[PDB]
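The chain contents come next:
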Amino acid sequence: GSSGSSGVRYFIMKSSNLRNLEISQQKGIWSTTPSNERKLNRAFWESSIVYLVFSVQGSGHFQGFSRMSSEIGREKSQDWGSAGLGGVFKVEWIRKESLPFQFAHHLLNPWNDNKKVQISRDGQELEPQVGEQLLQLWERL
């Protein structure tokens with residue numbers, strides 16, 4: 001058997017406007033800054049699953065989460081309102097509702113700074129121990 005075996009990585013994605021994410025939740029695709037794509041491509045080829053948690057800047061909420069469904073630069077799209085973005089990839093959405101930051105206030109991010117999960121950057125890594133508890137919170141809505 002494999003020395004690495006089955007396993008999943010967790011990441012916080014960020015948006016400049018909820019309108020850019022409306023395309024993502026309808027078309028089933030996403031796009032990030034070119035400097036993140038190498039971490040997500042590596043994670044996608046190594047892992048069983050790559051979890052991508054969504055957050056619009058200034059919203060006070062996590063907009064949902066998806067699983068990475070294809071590799072970056074294999075897919076393309078002209079649909080974006082923001083133009084500072086890189087290439088495109090497919091995403092498989094699991095939950096799509098705006099979860100308040102208050103729900104995850106008992107959770108932290110030791111892979112950032114041991115800060116509260118809301119205090120995470122565009123492409124910031126998340127521990128699986130805090131992240132597996134974050135994803136269950138959509139079931140409380």
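We now turn to the structure provided with this report.

Helix and strand content of the protein: three helices and ten strands. In the protein, the succession of α and β elements from N to C terminus is β-α-β-α-β-β-β-β-β-β-β-β-α. Counting every position in the protein, which comprises 141 residues, the buried fraction comes to 45%. For the protein, the share of sequence-separated contacts (at least 6 apart) that also reach a separation of at least 24 residues comes to 67%.

You can see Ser120 is positioned in the loop between β9 (115-116) and β10 (124-126). The class for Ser120 is buried, based on a relative accessible area of 7%. Separated by 3.1 Å, the side chain of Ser120 and the backbone oxygen of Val117 make a polar contact. Beyond its immediate sequence surroundings of up to four residues, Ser120 is in contact with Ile12, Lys14, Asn109 and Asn112.

When you line up the elements, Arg140 lands in the segment after α3 (128-135). Distance in space between the C-alpha atoms of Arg140 and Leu99 is 9.3 Å, their sequence separation being 41 residues.

In this section: the pattern of salt bridges. Throughout the structure, instances matching the rule amount to eleven salt bridges. The partner of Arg67 in a salt bridge is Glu92, with the nearest N and O atoms 2.8 Å apart. On the criterion of sequence distance, the pair formed by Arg67 in strand β5 (residues 64-68) and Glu92 in strand β6 (residues 88-95) is long-range, its members being 25 residues apart. Residue classification places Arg67 among the partly exposed positions, given a relative accessible area of 29%. One salt bridge connects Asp113 with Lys115, and the closest N-O pair in it is separated by 2.8 Å.

For β5, the buried fraction is high: four of the five residues fall into the buried class. For strand β3 (residues 49-54) and β5, the ladder comprises four bridges, and the chain directions are antiparallel. Each bridged residue has a counterpart across the sheet, and for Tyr51 the counterpart in β5 is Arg67. Taken together, the four bridges between β5 and β6 define a ladder with antiparallel strand orientation. Each residue of the ladder has a partner; that of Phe65, found in β6, is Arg95.

What counts and how
- Residues numbered from 1 in each chain as written, not as in the entry; some residues may be left out.
- Heavy atoms only, no water.
- Helix = DSSP H or I, 4+ residues; strand = E, 2+ residues; numbered from the N terminus.
- Buried < 20%, exposed > 50% of the residue type's maximum accessible area, 1.4 Å probe, protein only.
- Contact = heavy atoms within 4.5 Å.
- Polar contact = N/O pair within 3.5 Å; in protein donor to acceptor, adjacent residues only side chain to side chain.
- Salt bridge = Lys/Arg side-chain N within 4 Å of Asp/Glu carboxyl O.
- Pairing = 2+ DSSP bridges.

Everything listed here is a matter of geometry and, on its own, says nothing about what the molecule does.
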